[PDB]
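Engineer: Let me start by giving you these chains from the complex, positioned as in the assembled structure:
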Amino acid sequence: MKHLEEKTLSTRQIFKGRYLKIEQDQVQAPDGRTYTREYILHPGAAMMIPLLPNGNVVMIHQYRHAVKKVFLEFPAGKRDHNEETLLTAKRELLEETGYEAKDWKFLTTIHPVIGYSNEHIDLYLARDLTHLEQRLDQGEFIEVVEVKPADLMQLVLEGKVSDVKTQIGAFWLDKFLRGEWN
């Protein structure tokens, strides 16, 4: 769909905060005119759907100050210096929840902020789990929970799983558990 593409004419890093880095670009759009585009430079991420032998999934509660709310989430974290996201996922599953998994399957990649960040999140299904113990980062506060997939889907419908990556995980899990996508 080449007639929709925009051509980068210039880029700069316009701002660096404590955490957020902003790129500002001038682009040539399909009209041949120049427009500004601004977006966050993000390292990428992974998220894991950790399926226990008992059929429950391992989830977390975590407070997110950007939204001033505690969210139910699948474990996740940012990609460290261009590592494969499978490594990110293994590490985050262990650090946030204490689990390791013998069976990892890449499901899909999502883009959560197409208007203003280059973030992508690779979503994985982790099976054949065994437990060790949690190891949280400085400034990271997490409660680990087990959730029945049926209860999770009802929470989705009720608006109680508003975190996009985790809601998408729930729907992919549902497709997997029903044997539709497996």
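Structural biologist: Nice, I can see it. Residues are numbered from 1 along each chain as shown, chains lettered A, B, ... in the order given.
Engineer: Tell me if residue A:174 really is in a strand.
Structural biologist: No: membership of residue A:174 in a strand is not supported by DSSP: H, G, I helix; E, B strand; the rest coil, which gives helix.
Engineer: Quick check: it touching residue A:153?
Structural biologist: Yes: with contact defined as CB atoms under 8 Å, residue A:174 counts as touching residue A:153 (5.8 Å). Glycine gets a C-beta too; all of them are placed from N, C-alpha and C.
Engineer: how far away is the residue lying farthest from the centre of chain A from residue A:7?
Structural biologist: In chain A, residue A:32 marks the outermost C-alpha relative to the chain mean, sitting 35.3 Å out by CA atoms, centre = their mean. Distance, residue A:32 to residue A:7, by CB to CB, to the nearest Å: 10 Å.
Engineer: same question, residue A:163
Structural biologist: 34 Å.
Engineer: Give me the more crowded residue out of those two.
Structural biologist: residue A:163 (20 against 11; other CB atoms under 10 Å).
Engineer: Ignoring the adjacent residues along the chain, who's closest to that one?
Structural biologist: residue A:71 (4.9 Å; CB to CB, 6 or more residues apart in numbering).
Engineer: And the contacts of stretch A:69-87?
Structural biologist: A:42-50, A:57-64, A:88, A:91-93, A:95-97, A:104, A:106, A:121-122, A:124, A:145, A:147, A:155, A:160-163, A:165-166, A:169 (CB atoms under 8 Å, 6 or more residues apart in numbering).
Engineer: Chain B comes next; put it on the structure above:
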Amino acid sequence: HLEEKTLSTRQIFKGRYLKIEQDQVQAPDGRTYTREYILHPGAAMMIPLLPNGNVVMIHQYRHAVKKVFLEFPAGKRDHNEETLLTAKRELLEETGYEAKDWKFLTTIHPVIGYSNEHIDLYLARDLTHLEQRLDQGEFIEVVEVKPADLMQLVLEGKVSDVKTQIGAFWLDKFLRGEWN
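Structural biologist: To build on what is shown above, here is chain B added in:
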């Protein structure tokens, strides 16, 4: 127990589009940390279901990711208006359609780590086809999509836009008689 207490707030950056809030917070360990996030106006996204069973979707380039995306139409809340008003306006501007039947589905948060953005998702039915009225810097092509085709595209990784993918999943639940 997990909640962090705001100690101070500052708008540290305002560009052409993006505004960054930086807060000092006291966390559950009693210690102080910085939190940085985008101040976003909020947004609406619309699933427009045609009488033939297809949905109206768009193709749109997104410079932040350097790809053309398949999306449901959407846009940002203006002057803190009711998001249904946002939805009705953006459905007309981006696709050329109006709808006489609107239903709120759910609110999603696409960037919990670094933006206060929420998106309210709506189902739109009973449609009338007028014409697009695109805004500055907007280039959008309208396409009709069969929901079964949409779900296969999701599986294939060809619907990576979170809001759109979630919309597909909700539509699938509605069309299957599961959620109504």
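Engineer: Make sure I have this right: the residue farthest from the centre of chain A is in a helix.
Structural biologist: No: read with three-state DSSP, residue A:32 is coil and lies in no helix.
Engineer: Now it: phi and psi?
Structural biologist: When quoted as degrees, to the nearest 10, the phi and psi of residue A:32 stand at phi 80, psi 0.
Engineer: Next: residue A:53.
Structural biologist: Torsion angles, degrees, to the nearest 10, at residue A:53: phi -60, psi -30.
Engineer: Which strand residues bridge the residue lying closest to it once chain neighbours are set aside?
Structural biologist: Of all residues not flanking residue A:53 in the chain, residue A:129 sits nearest, at 7.2 Å (CB to CB, 6 or more residues apart in numbering or on different chains). Taking DSSP bridges, one obtains residue A:101 as the residues bridged to residue A:129.
Engineer: And the helices in chain A?
Structural biologist: Assigned by DSSP state H, chain A shows helices spanning A:85-97, A:149-157, A:164-177.
Engineer: and those helices as CSV, adding distance to chain B?
Structural biologist: As requested, the helices of chain A are exported to CSV (distance: least, CB to the nearest CB, whole Å):
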stretch, distance to chain B
helix A:85-97, 13
helix A:149-157, 6
helix A:164-177, 4
